[PDB]
Structures are given as C-alpha cells and as structure tokens.
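Asker: Submitted below is the structure of interest, expressed as structure tokens.
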Amino acid sequence: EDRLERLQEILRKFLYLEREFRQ
Amino acid sequence: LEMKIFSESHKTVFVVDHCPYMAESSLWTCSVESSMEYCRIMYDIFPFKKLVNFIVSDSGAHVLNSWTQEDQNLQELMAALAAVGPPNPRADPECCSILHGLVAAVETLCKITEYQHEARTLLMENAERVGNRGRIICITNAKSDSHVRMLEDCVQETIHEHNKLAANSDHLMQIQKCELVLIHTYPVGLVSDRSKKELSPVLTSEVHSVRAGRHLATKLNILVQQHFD
C-alpha cells in the first residue's frame, strides 16, 4: 500500500547495512 | 485465547541461504537434508494442524510452498527443491543475502491458514480473539555476532511496520507473537549460542551456534520435541 514501500525500504536499508560484515 | 491449535508450531517458516558461501566445499544441501527431516516430522505427527513453509534466499526470496494443504506434501516440495540448483560459486557475493527470505517470511506469517479462516468464519468480534503466533527457522553462514544482531533488528522493524499495515487489512492478520530460531553453520572451525531474548511484545528471539552435521539434526529434533507443543 502507501507503506509497503517502507517494507522495501527496510529490506534495502538492512541490505546495505549487511555489506560491512559481507566485505 | 485458544492457544492449542494457534501455537507457533501451527506456523513454521524455513529460511535457508542459497548464497554461494553455502556451496563452500553443497553445505546448503546438508542444511536442506536436516530441514527436510524437521518438515517430515511436522506433517507426519500433525497431518493438518502443524504447517510448514519454505523460503530460499539467493539474492532474492524464492518461496517453494504455501500454507495451503496441497503444498504440505513433501514430493511437491522436492520438485521445487530440485529446481533450485547449486549456488553459482563464481557469482557475485554482493546482492546475495538472506534478508529477502526473512522479509518474505514475515509476509508469509501474516498470511492466514485455512483453519484460521474457519475460526474467523465462526468467531465475530470477541476479546482475546484468535492469535497469530508463528515460528521462523533460519539456517545460514553468519559472519559476525553483530551481523546476527542487525538481522534481529531488521526482523523487529519489519514486524512492526508489517503489523501496522496488516491491522487495517481484514483478509490478513497481525502477529501476536513470533519466535525466531537463528542457526549458524561453520564448516572448518564466531556466533555465540546466545540465550533466548524476546526483543518485543510481538517478537521472540533465539540464537544458536553449531557446526555442520546431523548433531544439528539432533538439535533440530530437540527443537521439534519442544515443537510438538
């Protein structure tokens, strides 16, 4: 809906945050 | 308040990383063997009362089954299991992440079971009404304990916003209590078998740290023993 985009935002957010351990 | 059929065993999520670091020396295959045994047990004991759904996360969520009764047959599952091959060892380590599976897992837990639908059909506007408690099982190769903690944070915020969305939706439900099972695999020889720390009124969290091999399947069995519930 209007805020499922926030679900995708959360997924992406933590996907970027995951890189520090990924690297 | 009928906590019987509405236990966390009624909702089981399996999330396994098909990211290429799980093909170190088919390690994901071993994890598949153990998780498949757990899924065998659940359907055999509780033919239609304990339900299981499976998710793979090769850079994206690839769900192989649904809560529906037809999907809860292992052969139908095995076809989808064979469909996903081994993770490409030369593929980009970037972009591949279990998070897609976790977010999709939250979405799957918000989804209704057929029995819950029957309960909705009979019930109407009762206090302490039908709850939506579920369990998530994640198997992966973790990097740092901080990695696991950030995953917990991601799941918590996902549940908060997802319940905010689903509360107004009257074809899906909010989650009363989730249960989080975190499983890390090291092949050769950092995650700590951290005790249960239920992080929110909705959230419950657990951490484990064990190596590969069916001592993990036995540990799974201990979990299944708690999960006969």
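Quick mapping for you: the protein sequence lines, in order, are chains B and A.
Counted the way the deposited numbering counts, the first sequence spans residues 93 to 115.
Counted the way the deposited numbering counts, the second sequence spans residues -1 to 23, 30 to 193, 197 to 236.
In this text, a Cβ means the ideal position worked out from N, Cα and C, and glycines have one as well.
1) Terminal residues of the continuous beta strand (DSSP E) containing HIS66(A)?
2) Does any C-beta atom of chain B lie closer than 8 Å to the C-beta of residue 267(A)?
3) Can you tell me whether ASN57(A) is helix, strand or coil according to DSSP?
4) Would you tell me roughly how many angstroms separate the C-alpha atoms of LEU126(A) and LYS168(A), rounded to the nearest one?
5) So is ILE163(A) buried or exposed if we call it buried at 16+ other beta carbons inside 10 Å?
6) Under 8 Å: do the segment 101 to 116 of chain A and the segment 1 to 16 of chain A share three or more Cβ pairs, one atom per stretch?
7) Report the CB separation of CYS114(A) from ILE179(A) in whole angstroms; it is logged as a contact under 8 Å.
8) State the DSSP-derived secondary structure class of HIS188(A), mapped to helix, strand or coil.
9) Ignoring anything shorter than 3 residues, give me the beta strand (DSSP E) runs that lie fully in the segment 37 to 119 of chain A, in order along the chain.
10) Taking the alpha-carbon positions, what's the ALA171(A) to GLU165(A) distance?
11) So for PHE12(A), helix, strand or coil by DSSP?
12) Is the CB-CB distance between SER101(A) and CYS17(A) below 8 Å?
13) Out of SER63(A), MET82(A) and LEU103(A), which has the shortest C-alpha to C-alpha gap to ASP96(A)?
14) Buried or exposed for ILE102(B), please, with buried defined as at least 16 other CB atoms from any protein chain shown within 10 angstroms of its CB.
15) Got a sec? Which residues, its chain only, sit under 6 Å from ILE143(A) by beta carbon, not counting five neighbours each side?
16) Would you say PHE113(B) and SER150(A) are within 8 Å of each other, going by their C-beta atoms?
17) When DSSP builds the beta bridges, which residues end up paired with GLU97(B)?
18) By a C-beta neighbour count over all protein chains shown, 10 Å radius and 16 as the cutoff for buried, is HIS121(A) buried or exposed?
19) Please state whether DSSP places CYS17(A) in a helix, a strand or coil.
20) Could you check the C-alpha separation between residue 156(B) and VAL231(A) for me, to the nearest Å?
21) Tell me whether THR211(A) sits in a helix, a strand or coil according to DSSP, three-state version.
Answerer: The answer reads as follows:
1) 65 to 67
2) Since the first residue shown for chain A is -1 and the last is 236, residue 267(A) is missing from the structure and cannot be characterised.
3) strand
4) 25 Å
5) buried
6) yes
7) 7 Å
8) strand
9) 55 to 61 and 65 to 67
10) 10 Å
11) strand
12) yes
13) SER63(A)
14) buried
15) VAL14, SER35 and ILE187
16) yes
17) DSSP output for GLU97(B) lists no bridge partner at all.
18) exposed
19) coil
20) In the structure displayed, chain B extends from 93 to 115; residue 156(B) sits before or after that span and is not available.
21) coil
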